[PDB]
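The structure under discussion appears below in the form of structure tokens.
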Amino acid sequence: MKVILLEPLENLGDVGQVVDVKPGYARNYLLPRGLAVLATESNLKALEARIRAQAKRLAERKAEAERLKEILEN
RNA sequence: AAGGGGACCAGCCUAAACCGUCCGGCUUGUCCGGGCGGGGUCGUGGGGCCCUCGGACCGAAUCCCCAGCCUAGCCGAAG
Ligand SMILES: [Mg+2]
Ligand SMILES: [Mg+2]
Ligand SMILES: [Mg+2]
Ligand SMILES: [Mg+2]
Ligand SMILES: [Mg+2]
Ligand SMILES: [Mg+2]
Ligand SMILES: [Mg+2]
Ligand SMILES: [Mg+2]
Ligand SMILES: [Mg+2]
Ligand SMILES: [Mg+2]
Ligand SMILES: [Mg+2]
């Protein structure tokens, strides 16, 4: 069963990473402890959108700086 | 059972793509989800979306009116 981790987790994977676990583990541990979510299409979309949104605001800052290197350094 | 002879005869509505709107969620949007509306309905495959060209007839199984019909009757030849 594929899940999306909601947290870093000892020798399983890192937050936002998609891993394969035995359904028992997902259903009766990971999901109830809020540690992961089902890799459904409907929330794979959402993860894609989060990676999307973070990467927008990262490079947007790495411009607000780079462009501020232009106003200074000259 | 197919086929043949007959009876009767009639075909439609959706889901999904996509568009719009309301509402809810937290992991804040190019988000996910629920409702509603739009769109769509097919096997020569059909639809969606993006270009190009083109721009009144049919019509209910719903509704309304009516004929007809039922629920009482009546006239009815000549010792
Ligand atoms: Mg057989
Ligand atoms: Mg027959
Ligand atoms: Mg026949
Ligand atoms: Mg008959
Ligand atoms: Mg929805
Ligand atoms: Mg929506
Ligand atoms: Mg909706
Ligand atoms: Mg086609
Ligand atoms: Mg009809
Ligand atoms: Mg009499
Ligand atoms: Mg008499």
Q | In region A:33-57, residue nearest to A:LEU5 (Cα to Cα) [restricted to those that are loosely packed, with under 10 Cβ neighbours inside 10 Å and not charged (D, E, K, R)] | A | A:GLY34
Q: Mind listing just one residue for me: the one in region A:15-32 that is within 10 Å of A:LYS2 (Cα to Cα) and in contact with a helix residue (DSSP H, G or I) (Cβ under 9 Å, 6 or more places away or on another chain) and, of those, surrounded by the fewest Cβ atoms within 10 Å (Cβ to Cβ)?
A: A:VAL18
Q) Do we have any residue at all in region A:7-17 that's of a type in the set (S, T, N, Q), within 15 Å of RNA strand B (Cβ to nearest atom) and touching a residue at least 12 places away in the same chain (Cβ under 8 Å)? A) yes
Q: Collect the residues in region A:19-74 that are within 16 Å of RNA strand B (Cβ to nearest atom) and of a type in the set (D, E, K, R), keeping them in residue-number order.
A: A:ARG33, A:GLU41, A:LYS45, A:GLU48, A:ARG50, A:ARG52, A:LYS56, A:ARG57, A:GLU60, A:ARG61, A:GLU64
Q | All positions within region A:33-74 that are closer than 21 Å to A:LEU12 by Cα and polar (S, T, N, Q) | A | A:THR40, A:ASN43
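Every number here is computed from the coordinates shown, using simple stated rules; none is lab data. Note: ideal-geometry Cβ built from the backbone for every residue, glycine included; neighbour counts use all protein chains shown.
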